[PDB]
>>> print(open('coords.pdb').read())   # PDB, C-alpha atoms
ATOM      1  CA  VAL A   1       6.641   1.973   0.758  1.00  0.00           C
ATOM      2  CA  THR A   2       9.913   0.102   0.367  1.00  0.00           C
ATOM      3  CA  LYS A   3      12.338  -1.500   2.794  1.00  0.00           C
ATOM      4  CA  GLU A   4      14.904   1.132   1.808  1.00  0.00           C
ATOM      5  CA  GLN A   5      12.474   3.863   2.824  1.00  0.00           C
ATOM      6  CA  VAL A   6      11.721   2.212   6.172  1.00  0.00           C
ATOM      7  CA  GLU A   7      15.450   1.724   6.698  1.00  0.00           C
ATOM      8  CA  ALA A   8      16.370   5.286   5.784  1.00  0.00           C
ATOM      9  CA  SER A   9      13.649   6.723   8.048  1.00  0.00           C
ATOM     10  CA  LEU A  10      14.727   4.739  11.108  1.00  0.00           C
ATOM     11  CA  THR A  11      18.398   5.462  10.410  1.00  0.00           C
ATOM     12  CA  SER A  12      17.672   9.187  10.116  1.00  0.00           C
ATOM     13  CA  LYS A  13      15.632   9.539  13.297  1.00  0.00           C
ATOM     14  CA  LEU A  14      17.180   6.970  15.621  1.00  0.00           C
ATOM     15  CA  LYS A  15      20.836   6.753  14.453  1.00  0.00           C
ATOM     16  CA  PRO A  16      20.869   3.054  15.382  1.00  0.00           C
ATOM     17  CA  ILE A  17      24.153   1.195  15.971  1.00  0.00           C
ATOM     18  CA  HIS A  18      22.362  -1.917  14.740  1.00  0.00           C
ATOM     19  CA  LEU A  19      19.401  -2.037  12.370  1.00  0.00           C
ATOM     20  CA  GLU A  20      17.625  -4.844  10.577  1.00  0.00           C
ATOM     21  CA  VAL A  21      14.571  -4.362   8.399  1.00  0.00           C
ATOM     22  CA  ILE A  22      12.889  -7.301   6.701  1.00  0.00           C
ATOM     23  CA  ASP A  23      10.010  -7.215   4.226  1.00  0.00           C
ATOM     24  CA  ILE A  24       8.060 -10.241   5.401  1.00  0.00           C
ATOM     25  CA  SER A  25       5.286  -9.866   2.817  1.00  0.00           C
ATOM     26  CA  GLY A  26       7.091 -11.587  -0.054  1.00  0.00           C
ATOM     27  CA  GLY A  27       8.578  -8.417  -1.506  1.00  0.00           C
ATOM     28  CA  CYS A  28       5.227  -6.626  -1.468  1.00  0.00           C
ATOM     29  CA  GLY A  29       6.647  -3.917   0.788  1.00  0.00           C
ATOM     30  CA  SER A  30       3.529  -4.042   2.918  1.00  0.00           C
ATOM     31  CA  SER A  31       4.665  -5.905   6.070  1.00  0.00           C
ATOM     32  CA  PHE A  32       7.973  -5.412   7.916  1.00  0.00           C
ATOM     33  CA  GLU A  33       9.835  -6.843  10.896  1.00  0.00           C
ATOM     34  CA  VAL A  34      12.379  -4.501  12.476  1.00  0.00           C
ATOM     35  CA  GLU A  35      15.220  -4.820  14.968  1.00  0.00           C
ATOM     36  CA  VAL A  36      16.471  -1.473  16.195  1.00  0.00           C
ATOM     37  CA  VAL A  37      19.382  -0.934  18.614  1.00  0.00           C
ATOM     38  CA  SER A  38      19.846   2.709  19.623  1.00  0.00           C
ATOM     39  CA  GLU A  39      21.377   4.732  22.469  1.00  0.00           C
ATOM     40  CA  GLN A  40      18.287   6.943  22.206  1.00  0.00           C
ATOM     41  CA  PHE A  41      16.295   4.193  23.963  1.00  0.00           C
ATOM     42  CA  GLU A  42      18.369   4.541  27.129  1.00  0.00           C
ATOM     43  CA  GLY A  43      16.224   5.115  30.201  1.00  0.00           C
ATOM     44  CA  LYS A  44      13.052   4.686  28.135  1.00  0.00           C
ATOM     45  CA  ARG A  45      10.324   2.106  28.855  1.00  0.00           C
ATOM     46  CA  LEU A  46       8.988  -0.063  25.995  1.00  0.00           C
ATOM     47  CA  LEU A  47       5.939   2.089  25.164  1.00  0.00           C
ATOM     48  CA  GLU A  48       8.151   5.159  24.627  1.00  0.00           C
ATOM     49  CA  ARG A  49      10.589   3.189  22.427  1.00  0.00           C
ATOM     50  CA  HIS A  50       7.691   2.112  20.270  1.00  0.00           C
ATOM     51  CA  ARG A  51       6.431   5.702  20.118  1.00  0.00           C
ATOM     52  CA  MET A  52       9.865   6.751  18.834  1.00  0.00           C
ATOM     53  CA  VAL A  53       9.832   3.983  16.201  1.00  0.00           C
ATOM     54  CA  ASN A  54       6.280   4.848  15.125  1.00  0.00           C
ATOM     55  CA  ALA A  55       7.104   8.558  14.915  1.00  0.00           C
ATOM     56  CA  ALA A  56      10.123   7.787  12.700  1.00  0.00           C
ATOM     57  CA  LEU A  57       7.826   5.738  10.483  1.00  0.00           C
ATOM     58  CA  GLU A  58       4.867   8.138  10.538  1.00  0.00           C
ATOM     59  CA  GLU A  59       4.450   8.242   6.741  1.00  0.00           C
ATOM     60  CA  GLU A  60       5.065   4.515   6.237  1.00  0.00           C
ATOM     61  CA  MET A  61       2.594   3.500   8.946  1.00  0.00           C
ATOM     62  CA  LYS A  62      -0.196   5.088   6.948  1.00  0.00           C
ATOM     63  CA  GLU A  63       0.182   2.589   4.089  1.00  0.00           C
ATOM     64  CA  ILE A  64       1.599  -0.670   5.398  1.00  0.00           C
ATOM     65  CA  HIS A  65      -0.336  -3.635   6.778  1.00  0.00           C
ATOM     66  CA  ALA A  66       1.989  -4.828   9.588  1.00  0.00           C
ATOM     67  CA  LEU A  67       4.991  -3.532  11.580  1.00  0.00           C
ATOM     68  CA  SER A  68       6.515  -6.073  13.936  1.00  0.00           C
ATOM     69  CA  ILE A  69       8.995  -4.462  16.356  1.00  0.00           C
ATOM     70  CA  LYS A  70      10.988  -7.567  17.314  1.00  0.00           C
ATOM     71  CA  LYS A  71      13.684  -5.681  19.167  1.00  0.00           C
ATOM     72  CA  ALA A  72      13.941  -2.156  20.496  1.00  0.00           C
ATOM     73  CA  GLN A  73      17.129  -2.314  22.514  1.00  0.00           C
ATOM     74  CA  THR A  74      19.899  -0.232  24.022  1.00  0.00           C
ATOM     75  CA  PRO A  75      23.383  -1.297  22.878  1.00  0.00           C
ATOM     76  CA  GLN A  76      23.895  -2.908  26.287  1.00  0.00           C
ATOM     77  CA  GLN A  77      20.835  -5.166  25.868  1.00  0.00           C
ATOM     78  CA  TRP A  78      21.892  -6.053  22.336  1.00  0.00           C
ATOM     79  CA  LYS A  79      25.405  -6.993  23.493  1.00  0.00           C
ATOM     80  CA  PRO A  80      25.494  -7.689  27.260  1.00  0.00           C
ATOM     81  CA  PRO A  81      28.799  -7.071  29.166  1.00  0.00           C
TER
ATOM     82  CA  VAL B   1      -6.405  -2.600  -0.792  1.00  0.00           C
ATOM     83  CA  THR B   2      -7.650  -5.906  -2.223  1.00  0.00           C
ATOM     84  CA  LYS B   3      -8.842  -7.215  -5.576  1.00  0.00           C
ATOM     85  CA  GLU B   4     -12.298  -7.702  -4.036  1.00  0.00           C
ATOM     86  CA  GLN B   5     -12.347  -4.109  -2.804  1.00  0.00           C
ATOM     87  CA  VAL B   6     -11.563  -2.740  -6.278  1.00  0.00           C
ATOM     88  CA  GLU B   7     -14.225  -5.058  -7.773  1.00  0.00           C
ATOM     89  CA  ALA B   8     -16.813  -3.944  -5.214  1.00  0.00           C
ATOM     90  CA  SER B   9     -16.190  -0.219  -5.720  1.00  0.00           C
ATOM     91  CA  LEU B  10     -16.431  -0.484  -9.503  1.00  0.00           C
ATOM     92  CA  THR B  11     -19.505  -2.726  -9.247  1.00  0.00           C
ATOM     93  CA  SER B  12     -21.373  -0.407  -6.904  1.00  0.00           C
ATOM     94  CA  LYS B  13     -20.625   2.794  -8.790  1.00  0.00           C
ATOM     95  CA  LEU B  14     -20.643   1.924 -12.508  1.00  0.00           C
ATOM     96  CA  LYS B  15     -23.262  -0.870 -12.526  1.00  0.00           C
ATOM     97  CA  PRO B  16     -21.219  -2.776 -15.130  1.00  0.00           C
ATOM     98  CA  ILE B  17     -22.341  -5.747 -17.250  1.00  0.00           C
ATOM     99  CA  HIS B  18     -18.779  -7.044 -17.506  1.00  0.00           C
ATOM    100  CA  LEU B  19     -15.960  -6.440 -15.039  1.00  0.00           C
ATOM    101  CA  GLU B  20     -12.476  -7.885 -14.827  1.00  0.00           C
ATOM    102  CA  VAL B  21      -9.980  -6.879 -12.189  1.00  0.00           C
ATOM    103  CA  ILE B  22      -6.516  -8.443 -12.238  1.00  0.00           C
ATOM    104  CA  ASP B  23      -3.707  -7.996  -9.720  1.00  0.00           C
ATOM    105  CA  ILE B  24      -0.646  -7.324 -11.874  1.00  0.00           C
ATOM    106  CA  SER B  25       1.611  -6.920  -8.815  1.00  0.00           C
ATOM    107  CA  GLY B  26       2.025 -10.644  -8.165  1.00  0.00           C
ATOM    108  CA  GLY B  27      -0.696 -10.865  -5.528  1.00  0.00           C
ATOM    109  CA  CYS B  28       0.444  -7.760  -3.607  1.00  0.00           C
ATOM    110  CA  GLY B  29      -2.787  -5.842  -4.192  1.00  0.00           C
ATOM    111  CA  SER B  30      -0.814  -2.748  -5.167  1.00  0.00           C
ATOM    112  CA  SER B  31      -1.224  -2.776  -8.979  1.00  0.00           C
ATOM    113  CA  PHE B  32      -4.362  -3.590 -10.969  1.00  0.00           C
ATOM    114  CA  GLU B  33      -5.503  -3.880 -14.562  1.00  0.00           C
ATOM    115  CA  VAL B  34      -9.233  -3.392 -15.144  1.00  0.00           C
ATOM    116  CA  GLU B  35     -11.714  -4.077 -17.935  1.00  0.00           C
ATOM    117  CA  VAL B  36     -15.083  -2.441 -17.371  1.00  0.00           C
ATOM    118  CA  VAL B  37     -18.168  -2.491 -19.589  1.00  0.00           C
ATOM    119  CA  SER B  38     -20.978  -0.093 -18.588  1.00  0.00           C
ATOM    120  CA  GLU B  39     -24.045   1.683 -20.011  1.00  0.00           C
ATOM    121  CA  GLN B  40     -22.835   4.799 -18.224  1.00  0.00           C
ATOM    122  CA  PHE B  41     -20.019   5.124 -20.786  1.00  0.00           C
ATOM    123  CA  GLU B  42     -22.504   5.692 -23.628  1.00  0.00           C
ATOM    124  CA  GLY B  43     -22.100   9.140 -25.178  1.00  0.00           C
ATOM    125  CA  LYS B  44     -18.800   9.717 -23.389  1.00  0.00           C
ATOM    126  CA  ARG B  45     -15.267  10.091 -24.729  1.00  0.00           C
ATOM    127  CA  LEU B  46     -12.294   8.317 -23.205  1.00  0.00           C
ATOM    128  CA  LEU B  47     -11.118  10.959 -20.715  1.00  0.00           C
ATOM    129  CA  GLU B  48     -14.573  11.207 -19.139  1.00  0.00           C
ATOM    130  CA  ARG B  49     -14.770   7.394 -18.900  1.00  0.00           C
ATOM    131  CA  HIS B  50     -11.390   7.317 -17.100  1.00  0.00           C
ATOM    132  CA  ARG B  51     -12.442  10.002 -14.624  1.00  0.00           C
ATOM    133  CA  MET B  52     -15.553   7.927 -13.855  1.00  0.00           C
ATOM    134  CA  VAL B  53     -13.374   4.866 -13.102  1.00  0.00           C
ATOM    135  CA  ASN B  54     -10.979   6.940 -10.945  1.00  0.00           C
ATOM    136  CA  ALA B  55     -13.939   8.428  -9.013  1.00  0.00           C
ATOM    137  CA  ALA B  56     -15.349   4.927  -8.470  1.00  0.00           C
ATOM    138  CA  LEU B  57     -11.938   4.045  -6.993  1.00  0.00           C
ATOM    139  CA  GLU B  58     -11.548   7.325  -5.105  1.00  0.00           C
ATOM    140  CA  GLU B  59     -10.134   5.659  -2.001  1.00  0.00           C
ATOM    141  CA  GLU B  60      -8.213   2.809  -3.654  1.00  0.00           C
ATOM    142  CA  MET B  61      -6.301   5.274  -5.854  1.00  0.00           C
ATOM    143  CA  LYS B  62      -4.692   7.011  -2.829  1.00  0.00           C
ATOM    144  CA  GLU B  63      -2.942   3.793  -1.919  1.00  0.00           C
ATOM    145  CA  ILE B  64      -2.102   1.694  -5.005  1.00  0.00           C
ATOM    146  CA  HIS B  65       0.886   1.886  -7.347  1.00  0.00           C
ATOM    147  CA  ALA B  66      -0.752   1.301 -10.734  1.00  0.00           C
ATOM    148  CA  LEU B  67      -4.200   1.189 -12.241  1.00  0.00           C
ATOM    149  CA  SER B  68      -4.200   0.179 -15.887  1.00  0.00           C
ATOM    150  CA  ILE B  69      -7.581   0.752 -17.518  1.00  0.00           C
ATOM    151  CA  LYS B  70      -7.289  -1.802 -20.306  1.00  0.00           C
ATOM    152  CA  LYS B  71     -10.896  -1.442 -21.477  1.00  0.00           C
ATOM    153  CA  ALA B  72     -13.574   1.147 -20.729  1.00  0.00           C
ATOM    154  CA  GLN B  73     -16.333   0.099 -23.116  1.00  0.00           C
ATOM    155  CA  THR B  74     -20.049   0.473 -23.834  1.00  0.00           C
ATOM    156  CA  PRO B  75     -22.113  -2.719 -24.137  1.00  0.00           C
ATOM    157  CA  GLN B  76     -22.092  -2.237 -27.939  1.00  0.00           C
ATOM    158  CA  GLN B  77     -18.279  -2.110 -27.986  1.00  0.00           C
ATOM    159  CA  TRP B  78     -18.090  -5.195 -25.772  1.00  0.00           C
ATOM    160  CA  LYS B  79     -20.401  -7.200 -28.031  1.00  0.00           C
ATOM    161  CA  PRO B  80     -20.236  -5.853 -31.638  1.00  0.00           C
ATOM    162  CA  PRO B  81     -22.848  -7.244 -34.085  1.00  0.00           C
TER
END
>>> encode(input="coords.pdb", output="structure tokens")
Amino acid sequence: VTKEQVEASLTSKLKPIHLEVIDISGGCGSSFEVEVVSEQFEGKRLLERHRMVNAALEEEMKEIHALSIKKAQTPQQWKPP
Amino acid sequence: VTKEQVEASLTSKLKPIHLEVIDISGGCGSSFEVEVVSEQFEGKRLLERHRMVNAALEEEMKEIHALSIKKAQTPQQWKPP
């Protein structure tokens, strides 16, 4: 698994307006932190947002050692009025 | 997958008299180079020796990026007269 693969998967499934993916394992591609801002989270509680992120990363999750979902936000939470 | 896991699988299955397992992925545990010396290799050509190593690492192989079998030797090859 690579950061580009994690990025492309999230981008494909969640169409985020803001996305950050960081390999925190020293370039090993085995631990990632993600920040995902998507309109698809609107009206969804945290558990469902995580389910959506996990489902997007279904193949990656099989291999990697850690996935830290730092932010799963609507655009309005990301940038308040 | 860890270095110790690869070592343990090879040790348990091949009963070797010399074993070296080296992470060649900079500590990531995703690429290994192995030297294995075992009585089980006696009478066996190279392909069969490789299949024995792969079968010893049946689970590790599904996950890792490289396995370089540097040496698959009999005791007599390891210590020539």
>>> closest_residue(input="coords.pdb", among="A:80, A:66, A:47, A:72", to="residue 33 (chain A)", atoms="all atoms listed in the file")
A:66
>>> resolve_selection(input="coords.pdb", expression="the ChimeraX specification (/A :<10) & /B", output="ChimeraX atom specification")
/B:1,25-30,62-65
>>> resolve_selection(input="coords.pdb", expression="the PyMOL selection byres ((chain B and resi 39) around 8)", output="PyMOL selection string")
chain B and resi 15-16+37-38+40-42+74-75
>>> resolve_selection(input="coords.pdb", expression="the PyMOL selection byres ((chain B and resi 10) around 10)", output="list in words")
residues 4, 5, 6, 7, 8, 9, 11, 12, 13, 14, 15, 16, 19, 20, 21, 34, 36, 52, 53, 54, 55, 56 and 57 of chain B
>>> closest_residue(input="coords.pdb", among="A:2, A:23, A:43, A:61", to="residue 76 (chain A)", atoms="only C-alpha atoms")
A:43
>>> atom_distance(input="coords.pdb", atom1="CA of residue 32 (chain A)", atom2="CA of residue 73 (chain A)")
17.5 Å
>>> atom_distance(input="coords.pdb", atom1="CA of residue 50 (chain B)", atom2="CA of residue 35 (chain B)")
11.4 Å
>>> atom_distance(input="coords.pdb", atom1="CA of residue 67 (chain B)", atom2="CA of residue 24 (chain B)")
9.2 Å
>>> axis_aligned_box(input="coords.pdb", around="region 4-14 of chain A", padding_each_side="4 Å", output="JSON")
{"center_x": 15.1, "center_y": 5.3, "center_z": 8.7, "size_x": 14.7, "size_y": 16.4, "size_z": 21.8}
>>> closest_residue(input="coords.pdb", among="B:51, B:45, B:81, B:3", to="residue 69 (chain B)", atoms="all atoms listed in the file")
B:51
>>> closest_residue(input="coords.pdb", among="B:79, B:49, B:70, B:44", to="residue 17 (chain B)", atoms="all atoms listed in the file")
B:79
